[PDB]
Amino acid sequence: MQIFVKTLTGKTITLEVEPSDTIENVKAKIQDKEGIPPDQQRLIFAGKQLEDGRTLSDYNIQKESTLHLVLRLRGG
(Lines of atoms letter the chains of each structure in order from A and count residues from 1; the text may use other names and numbers.)
(Lines give C-alpha, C1' and ligand atoms only; values in the text may rest on other atoms or scores of the structure.)
Protein backbone atom coordinates (compact mmCIF):
# COMPACT_ATOMS: atom_id res chain seq x y z
CA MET A 1 0.00 0.00 0.00
CA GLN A 2 1.01 3.63 -0.37
CA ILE A 3 1.17 6.19 2.44
CA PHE A 4 2.15 9.86 2.41
CA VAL A 5 4.89 11.39 4.53
CA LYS A 6 4.78 15.17 4.94
CA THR A 7 7.94 17.16 5.68
CA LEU A 8 8.58 20.44 7.45
CA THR A 9 8.89 22.08 4.02
CA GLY A 10 5.36 20.95 3.12
CA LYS A 11 6.78 18.49 0.58
CA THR A 12 4.79 15.24 0.69
CA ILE A 13 6.52 12.06 -0.50
CA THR A 14 4.74 8.82 -1.37
CA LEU A 15 6.12 5.64 0.23
CA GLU A 16 5.16 2.01 -0.40
CA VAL A 17 4.77 0.16 2.90
CA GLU A 18 2.99 -2.82 4.37
CA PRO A 19 0.67 -2.64 7.41
CA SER A 20 3.04 -5.21 8.95
CA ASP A 21 5.98 -2.75 8.82
CA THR A 22 7.45 -1.70 12.14
CA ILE A 23 8.10 2.03 12.38
CA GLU A 24 11.78 1.10 12.31
CA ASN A 25 11.21 -0.69 8.99
CA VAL A 26 9.28 2.30 7.65
CA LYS A 27 12.35 4.42 8.42
CA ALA A 28 14.54 1.88 6.64
CA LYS A 29 12.30 2.30 3.60
CA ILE A 30 12.68 6.08 3.89
CA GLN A 31 16.45 5.53 4.04
CA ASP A 32 16.34 3.39 0.89
CA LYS A 33 14.22 5.89 -1.06
CA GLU A 34 15.66 9.19 0.18
CA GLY A 35 19.07 8.39 1.71
CA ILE A 36 18.36 9.57 5.28
CA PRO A 37 19.59 7.33 8.14
CA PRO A 38 16.73 6.23 10.42
CA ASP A 39 18.54 7.78 13.43
CA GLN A 40 17.85 11.20 11.83
CA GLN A 41 14.13 10.53 11.29
CA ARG A 42 11.24 11.35 13.62
CA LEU A 43 7.91 9.91 12.43
CA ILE A 44 4.76 11.55 13.76
CA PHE A 45 1.07 10.68 13.63
CA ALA A 46 -1.74 12.51 15.47
CA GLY A 47 0.96 14.98 16.55
CA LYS A 48 2.73 12.35 18.70
CA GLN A 49 5.90 10.46 17.82
CA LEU A 50 5.64 6.90 16.55
CA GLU A 51 7.54 4.18 18.41
CA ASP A 52 10.12 2.18 16.47
CA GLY A 53 8.91 -1.27 17.58
CA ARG A 54 5.20 -0.97 16.82
CA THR A 55 3.66 -1.51 13.38
CA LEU A 56 1.52 0.67 11.16
CA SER A 57 -1.25 -1.83 11.99
CA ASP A 58 -0.81 -1.13 15.73
CA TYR A 59 -1.63 2.54 15.00
CA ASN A 60 -4.48 1.60 12.61
CA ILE A 61 -2.61 3.46 9.84
CA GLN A 62 -4.12 2.64 6.45
CA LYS A 63 -3.40 3.26 2.79
CA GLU A 64 -3.06 6.96 1.94
CA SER A 65 -2.78 7.97 5.57
CA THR A 66 -0.52 10.99 6.01
CA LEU A 67 2.34 10.81 8.49
CA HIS A 68 4.78 13.58 9.36
CA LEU A 69 8.57 13.33 9.03
CA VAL A 70 10.75 15.61 11.16
CA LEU A 71 14.52 15.45 10.78
CA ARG A 72 16.78 15.72 13.82
CA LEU A 73 20.50 15.20 14.30
CA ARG A 74 21.05 12.22 16.56
CA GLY A 75 21.09 12.64 20.31
CA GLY A 76 23.88 12.88 22.85
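What we label the rigid core is the largest C-alpha set whose atoms superpose within 1.5 Å from one form to the other. Note that residue numbering begins at 1 and tracks the sequence as displayed.
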note = Stretch farther from shown form by Cα RMS in 5 other deposited structures of this protein, picked from 51-59 and 6-14 after core fit, is 6-14
ask   = Mean C-alpha B factor from the entry: is it higher for 28-36 or for 41-49?
value = 41-49
request  = Tell me which of 67-75 and 3-11 has the higher mean C-alpha B-factor in the deposited entry.
outcome  = 67-75
remark   = Assert third(CA B-factor, residue 62) within chain per record equals highest
